[PDB]
Amino acid sequence: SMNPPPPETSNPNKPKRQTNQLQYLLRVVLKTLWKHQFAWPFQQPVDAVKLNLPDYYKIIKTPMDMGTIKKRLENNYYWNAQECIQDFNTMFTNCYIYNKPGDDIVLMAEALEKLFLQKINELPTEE
Ligand SMILES: Cc1nnc2n1-c1ccc(Cl)cc1C(c1ccccc1)=NC2
């Protein structure tokens, strides 16, 4: 069995910014989710080999995880907040696509996503 390469977290020719919204996404949104008791399955790419999920990357073609997001934020990979918001949403959606309602991992994603939504509700106006 084989995992795909992870999502990129470095691309020197991609234009980059550090906006106040991006800073909030790191200091508030990412930090809040990362410390949560349910963060651990989301803190790195899905290891389909170790988890014995050989169909995961047959079904999930746009993988995303908070490890990747954390690196992207810390390494100023993004141009805007929407890019990062999309990554979080891709992570949650993938979980729901792959798994079944009421599965433990879905309950975990839902708890994290509730917090995500509460924090992005107060994304600051771009300064
Ligand atoms: C994210 C994600 N999306 N689907 C899966 N995951 C996981 C990723 C990493 C780990 Cl260690 C477990 C799971 C688990 C998992 C299952 C029950 C409780 C905790 C994690 N399920 C497969």
# chains A, B, ... in the order shown; residues from 1 in each chain; ligands from 1
call {"tool": "residues_around", "arguments": {"residues": "residue 112 in chain A", "least_positions_apart": "5", "cutoff": "8 Å", "atoms": "only C-alpha atoms", "output": "list in words"}}
result
residues 33, 36, 38 and 39 of chain A
call {"tool": "write_last_selection", "arguments": {"atoms": "C-alpha atoms", "output": "PDB file, in the first residue's frame"}}
result
ATOM      1  CA  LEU A  33      -8.668  23.727  16.897  1.00  0.00           C
ATOM      2  CA  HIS A  36      -8.810  20.515  21.185  1.00  0.00           C
ATOM      3  CA  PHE A  38     -10.457  15.869  19.099  1.00  0.00           C
ATOM      4  CA  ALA A  39      -7.606  17.458  17.045  1.00  0.00           C
TER       5      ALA A  39
END
call {"tool": "closest_atom_pairs", "arguments": {"of": "chain A", "to": "ligand 1", "cutoff": "10 Å", "atoms": "only C-alpha atoms and all ligand atoms", "output": "CSV"}}
result
residue,atom,partner,partner_atom_place_in_ligand_line,distance
A:38,CA,ligand 1,19 (C),8.1
A:39,CA,ligand 1,1 (C),9.1
A:40,CA,ligand 1,11 (Cl),6.9
A:41,CA,ligand 1,9 (C),3.8
A:42,CA,ligand 1,1 (C),4.9
A:43,CA,ligand 1,9 (C),8.0
A:44,CA,ligand 1,9 (C),7.5
A:45,CA,ligand 1,8 (C),7.4
A:46,CA,ligand 1,8 (C),4.9
A:47,CA,ligand 1,9 (C),6.7
A:48,CA,ligand 1,8 (C),8.3
A:50,CA,ligand 1,11 (Cl),8.6
A:51,CA,ligand 1,12 (C),6.8
A:52,CA,ligand 1,22 (C),9.3
A:53,CA,ligand 1,22 (C),7.6
A:56,CA,ligand 1,4 (N),8.1
A:60,CA,ligand 1,3 (N),9.9
A:63,CA,ligand 1,1 (C),9.6
A:64,CA,ligand 1,1 (C),8.8
A:65,CA,ligand 1,1 (C),7.3
A:66,CA,ligand 1,1 (C),9.5
A:91,CA,ligand 1,1 (C),7.7
A:92,CA,ligand 1,1 (C),8.3
A:93,CA,ligand 1,3 (N),9.6
A:94,CA,ligand 1,3 (N),7.1
A:95,CA,ligand 1,3 (N),4.6
A:96,CA,ligand 1,3 (N),7.9
A:97,CA,ligand 1,4 (N),9.0
A:98,CA,ligand 1,4 (N),6.5
A:99,CA,ligand 1,4 (N),6.3
A:100,CA,ligand 1,4 (N),9.7
A:103,CA,ligand 1,17 (C),7.1
A:104,CA,ligand 1,17 (C),5.0
A:105,CA,ligand 1,17 (C),4.6
A:106,CA,ligand 1,3 (N),7.8
A:107,CA,ligand 1,18 (C),8.9
A:108,CA,ligand 1,19 (C),7.5
A:109,CA,ligand 1,1 (C),7.9
call {"tool": "write_last_selection", "arguments": {"atoms": "C-alpha atoms", "output": "PDB file, in the first residue's frame"}}
result
ATOM      1  CA  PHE A  38     -10.457  15.869  19.099  1.00  0.00           C
ATOM      2  CA  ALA A  39      -7.606  17.458  17.045  1.00  0.00           C
ATOM      3  CA  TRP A  40      -5.284  14.476  16.890  1.00  0.00           C
ATOM      4  CA  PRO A  41      -6.711  12.657  13.805  1.00  0.00           C
ATOM      5  CA  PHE A  42      -6.518  15.954  11.874  1.00  0.00           C
ATOM      6  CA  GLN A  43      -2.993  17.036  12.877  1.00  0.00           C
ATOM      7  CA  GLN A  44      -1.259  15.277   9.928  1.00  0.00           C
ATOM      8  CA  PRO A  45      -2.146  13.806   6.570  1.00  0.00           C
ATOM      9  CA  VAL A  46      -4.257  10.665   6.655  1.00  0.00           C
ATOM     10  CA  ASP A  47      -1.872   7.690   6.694  1.00  0.00           C
ATOM     11  CA  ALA A  48      -3.947   5.274   4.677  1.00  0.00           C
ATOM     12  CA  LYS A  50      -1.043   2.521   8.813  1.00  0.00           C
ATOM     13  CA  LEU A  51      -4.803   3.001   9.210  1.00  0.00           C
ATOM     14  CA  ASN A  52      -5.585   0.247   6.665  1.00  0.00           C
ATOM     15  CA  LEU A  53      -7.813   2.474   4.562  1.00  0.00           C
ATOM     16  CA  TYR A  56      -9.121   6.558   1.175  1.00  0.00           C
ATOM     17  CA  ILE A  60     -10.436  11.670  -1.460  1.00  0.00           C
ATOM     18  CA  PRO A  63      -6.593  15.759   0.882  1.00  0.00           C
ATOM     19  CA  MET A  64      -6.171  18.338   3.601  1.00  0.00           C
ATOM     20  CA  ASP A  65      -5.275  18.325   7.274  1.00  0.00           C
ATOM     21  CA  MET A  66      -4.380  20.784  10.038  1.00  0.00           C
ATOM     22  CA  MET A  91     -10.555  18.976   5.577  1.00  0.00           C
ATOM     23  CA  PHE A  92     -14.021  18.746   7.138  1.00  0.00           C
ATOM     24  CA  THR A  93     -15.768  17.855   3.864  1.00  0.00           C
ATOM     25  CA  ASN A  94     -13.302  15.056   3.120  1.00  0.00           C
ATOM     26  CA  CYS A  95     -14.081  13.552   6.522  1.00  0.00           C
ATOM     27  CA  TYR A  96     -17.799  13.609   5.818  1.00  0.00           C
ATOM     28  CA  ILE A  97     -17.341  12.264   2.268  1.00  0.00           C
ATOM     29  CA  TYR A  98     -15.243   9.293   3.371  1.00  0.00           C
ATOM     30  CA  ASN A  99     -16.949   8.316   6.647  1.00  0.00           C
ATOM     31  CA  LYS A 100     -20.573   7.648   7.766  1.00  0.00           C
ATOM     32  CA  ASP A 103     -18.990   7.667  13.175  1.00  0.00           C
ATOM     33  CA  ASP A 104     -16.641   8.821  15.930  1.00  0.00           C
ATOM     34  CA  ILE A 105     -14.403  10.629  13.442  1.00  0.00           C
ATOM     35  CA  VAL A 106     -17.443  12.517  12.040  1.00  0.00           C
ATOM     36  CA  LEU A 107     -18.458  13.568  15.575  1.00  0.00           C
ATOM     37  CA  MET A 108     -14.892  14.830  16.042  1.00  0.00           C
ATOM     38  CA  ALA A 109     -14.960  16.781  12.789  1.00  0.00           C
TER      39      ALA A 109
END
call {"tool": "closest_residue", "arguments": {"among": "A:76, A:86, A:23, A:125", "to": "residue 11 in chain A", "atoms": "only C-alpha atoms"}}
result
A:76
call {"tool": "residues_around", "arguments": {"residues": "residue 15 in chain A", "least_positions_apart": "6", "cutoff": "10 Å", "atoms": "only C-alpha atoms", "output": "VMD selection string"}}
result
chain A and resid 76 to 79
call {"tool": "write_last_selection", "arguments": {"atoms": "N, CA and C atoms", "output": "mmCIF file, in the first residue's frame"}}
result
data_model
loop_
_atom_site.group_PDB
_atom_site.id
_atom_site.type_symbol
_atom_site.label_atom_id
_atom_site.label_comp_id
_atom_site.auth_asym_id
_atom_site.auth_seq_id
_atom_site.Cartn_x
_atom_site.Cartn_y
_atom_site.Cartn_z
ATOM 1 N N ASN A 76 3.850 31.278 5.774
ATOM 2 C CA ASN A 76 3.232 32.336 4.977
ATOM 3 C C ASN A 76 3.028 31.887 3.535
ATOM 4 N N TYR A 77 2.302 30.781 3.384
ATOM 5 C CA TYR A 77 2.087 30.164 2.063
ATOM 6 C C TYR A 77 0.952 30.866 1.316
ATOM 7 N N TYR A 78 0.027 31.467 2.058
ATOM 8 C CA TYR A 78 -1.186 32.024 1.477
ATOM 9 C C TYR A 78 -1.054 33.482 1.003
ATOM 10 N N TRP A 79 -1.893 33.836 0.031
ATOM 11 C CA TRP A 79 -2.132 35.237 -0.345
ATOM 12 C C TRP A 79 -3.303 35.826 0.442
#
call {"tool": "closest_residue", "arguments": {"among": "A:61, A:110, A:24, A:101", "to": "residue 73 in chain A", "atoms": "only C-alpha atoms"}}
result
A:24
call {"tool": "closest_residue", "arguments": {"among": "A:6, A:29, A:72, A:17", "to": "residue 122 in chain A", "atoms": "only C-alpha atoms"}}
result
A:29
call {"tool": "residues_around", "arguments": {"residues": "residue 21 in chain A", "least_positions_apart": "6", "cutoff": "7 Å", "atoms": "only C-alpha atoms", "output": "list in words"}}
result
residues 81, 123, 124 and 126 of chain A
call {"tool": "atom_distance", "arguments": {"atom1": "CA of residue 116 in chain A", "atom2": "CA of residue 62 in chain A"}}
result
19.7 Å
call {"tool": "atom_distance", "arguments": {"atom1": "CA of residue 58 in chain A", "atom2": "CA of residue 5 in chain A"}}
result
13.9 Å
call {"tool": "select_by_dssp", "arguments": {"residues": "chain A", "states": "helix (DSSP H, G or I)", "output": "ChimeraX atom specification"}}
result
/A:20-34,40-42,56-59,66-74,81-98,104-120
call {"tool": "write_last_selection", "arguments": {"atoms": "C-alpha atoms", "output": "PDB file, in the first residue's frame"}}
result
ATOM      1  CA  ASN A  20      -4.413  40.636   9.632  1.00  0.00           C
ATOM      2  CA  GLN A  21      -7.018  38.033   8.636  1.00  0.00           C
ATOM      3  CA  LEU A  22      -4.294  35.420   8.020  1.00  0.00           C
ATOM      4  CA  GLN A  23      -2.771  36.271  11.394  1.00  0.00           C
ATOM      5  CA  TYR A  24      -6.178  35.642  13.011  1.00  0.00           C
ATOM      6  CA  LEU A  25      -6.463  32.330  11.176  1.00  0.00           C
ATOM      7  CA  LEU A  26      -3.189  31.245  12.827  1.00  0.00           C
ATOM      8  CA  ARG A  27      -3.444  32.831  16.277  1.00  0.00           C
ATOM      9  CA  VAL A  28      -7.148  32.237  16.869  1.00  0.00           C
ATOM     10  CA  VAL A  29      -8.610  29.665  14.466  1.00  0.00           C
ATOM     11  CA  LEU A  30      -5.758  27.164  14.044  1.00  0.00           C
ATOM     12  CA  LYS A  31      -4.597  27.491  17.667  1.00  0.00           C
ATOM     13  CA  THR A  32      -8.112  26.839  18.990  1.00  0.00           C
ATOM     14  CA  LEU A  33      -8.668  23.727  16.897  1.00  0.00           C
ATOM     15  CA  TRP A  34      -5.124  22.368  17.371  1.00  0.00           C
ATOM     16  CA  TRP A  40      -5.284  14.476  16.890  1.00  0.00           C
ATOM     17  CA  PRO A  41      -6.711  12.657  13.805  1.00  0.00           C
ATOM     18  CA  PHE A  42      -6.518  15.954  11.874  1.00  0.00           C
ATOM     19  CA  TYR A  56      -9.121   6.558   1.175  1.00  0.00           C
ATOM     20  CA  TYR A  57      -7.184   8.257  -1.617  1.00  0.00           C
ATOM     21  CA  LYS A  58      -9.360   6.569  -4.239  1.00  0.00           C
ATOM     22  CA  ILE A  59     -12.250   8.576  -2.765  1.00  0.00           C
ATOM     23  CA  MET A  66      -4.380  20.784  10.038  1.00  0.00           C
ATOM     24  CA  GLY A  67      -0.654  19.778   9.948  1.00  0.00           C
ATOM     25  CA  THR A  68      -0.577  21.058   6.359  1.00  0.00           C
ATOM     26  CA  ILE A  69      -2.579  24.147   7.322  1.00  0.00           C
ATOM     27  CA  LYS A  70      -0.303  24.882  10.283  1.00  0.00           C
ATOM     28  CA  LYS A  71       2.759  24.702   7.992  1.00  0.00           C
ATOM     29  CA  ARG A  72       1.081  26.851   5.353  1.00  0.00           C
ATOM     30  CA  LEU A  73       0.266  29.518   7.940  1.00  0.00           C
ATOM     31  CA  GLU A  74       3.652  29.406   9.722  1.00  0.00           C
ATOM     32  CA  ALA A  81      -7.747  34.289   4.174  1.00  0.00           C
ATOM     33  CA  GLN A  82     -10.189  32.648   1.729  1.00  0.00           C
ATOM     34  CA  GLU A  83      -7.439  30.187   0.623  1.00  0.00           C
ATOM     35  CA  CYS A  84      -6.942  29.076   4.194  1.00  0.00           C
ATOM     36  CA  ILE A  85     -10.655  28.983   4.999  1.00  0.00           C
ATOM     37  CA  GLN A  86     -11.063  26.742   1.928  1.00  0.00           C
ATOM     38  CA  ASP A  87      -8.406  24.356   3.301  1.00  0.00           C
ATOM     39  CA  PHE A  88     -10.260  23.988   6.624  1.00  0.00           C
ATOM     40  CA  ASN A  89     -13.503  23.353   4.750  1.00  0.00           C
ATOM     41  CA  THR A  90     -11.836  20.806   2.479  1.00  0.00           C
ATOM     42  CA  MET A  91     -10.555  18.976   5.577  1.00  0.00           C
ATOM     43  CA  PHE A  92     -14.021  18.746   7.138  1.00  0.00           C
ATOM     44  CA  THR A  93     -15.768  17.855   3.864  1.00  0.00           C
ATOM     45  CA  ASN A  94     -13.302  15.056   3.120  1.00  0.00           C
ATOM     46  CA  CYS A  95     -14.081  13.552   6.522  1.00  0.00           C
ATOM     47  CA  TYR A  96     -17.799  13.609   5.818  1.00  0.00           C
ATOM     48  CA  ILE A  97     -17.341  12.264   2.268  1.00  0.00           C
ATOM     49  CA  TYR A  98     -15.243   9.293   3.371  1.00  0.00           C
ATOM     50  CA  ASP A 104     -16.641   8.821  15.930  1.00  0.00           C
ATOM     51  CA  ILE A 105     -14.403  10.629  13.442  1.00  0.00           C
ATOM     52  CA  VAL A 106     -17.443  12.517  12.040  1.00  0.00           C
ATOM     53  CA  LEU A 107     -18.458  13.568  15.575  1.00  0.00           C
ATOM     54  CA  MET A 108     -14.892  14.830  16.042  1.00  0.00           C
ATOM     55  CA  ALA A 109     -14.960  16.781  12.789  1.00  0.00           C
ATOM     56  CA  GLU A 110     -18.367  18.299  13.726  1.00  0.00           C
ATOM     57  CA  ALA A 111     -17.034  19.498  17.103  1.00  0.00           C
ATOM     58  CA  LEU A 112     -13.974  21.098  15.449  1.00  0.00           C
ATOM     59  CA  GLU A 113     -16.099  22.580  12.652  1.00  0.00           C
ATOM     60  CA  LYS A 114     -18.501  24.193  15.169  1.00  0.00           C
ATOM     61  CA  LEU A 115     -15.532  25.962  16.750  1.00  0.00           C
ATOM     62  CA  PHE A 116     -14.143  26.875  13.343  1.00  0.00           C
ATOM     63  CA  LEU A 117     -17.439  28.495  12.405  1.00  0.00           C
ATOM     64  CA  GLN A 118     -17.650  30.387  15.704  1.00  0.00           C
ATOM     65  CA  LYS A 119     -14.166  31.795  15.178  1.00  0.00           C
ATOM     66  CA  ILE A 120     -14.475  32.697  11.488  1.00  0.00           C
TER      67      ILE A 120
END
